[PDB]
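Coming up is one lone chain in structure tokens, specifically the form deposited in one PDB entry.
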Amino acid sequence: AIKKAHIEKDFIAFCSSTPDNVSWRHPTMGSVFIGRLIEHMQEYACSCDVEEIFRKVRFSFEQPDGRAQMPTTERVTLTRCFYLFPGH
């Protein structure tokens, strides 16, 4: 027997900036967004779902300096919370 399934579901995208806008990369330290994402994933993967972690990354960018960017979560069809449960 055949059954119907949603063609697009359980996606989450996370971009380094908002549409129209630049994203920054340090020549020796790497991309700011990437570095910030790793730090937040290391700290919060144990306790927070991926959506919440991405929000926290966004919050860390809130106060703009000379090189500002605002990471954007896009096209979300996660129907559940995605916890990484690191260690399991």
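Residue positions are given as counts along the sequence shown, with the first one as 1. By rigid core we mean the largest C-alpha set that fits within 1.5 Å across both forms.
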item: Entry-level comparison of average CA B-factors, 45 to 53 and 59 to 67, reporting the higher stretch; value: 59 to 67
item: Which of 71 to 79 and 19 to 27 has higher mean CA B factor, as the PDB entry lists it; value: 19 to 27
item: Chain-relative CA temperature factor third for residue 84; value: middle
item: Within-chain third of residue 7 by Cα B-factor, per the entry; value: lowest
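As for the form deposited in another entry, it is not shown, yet the points below apply to it.
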| query | finding |
| --- | --- |
| Cα displacement of residue 25 between this form and the one not shown reaching 2 Å, rigid core superposed | yes |
| Outcome for the Cα pair residue 31, residue 19 in the other form, compared with this form (closer or farther; change of 3 Å or more) | closer |
| In the other form, whether the C-alpha atoms of residue 18 and residue 10 sit closer or farther than here (change of 3 Å or more) | farther |
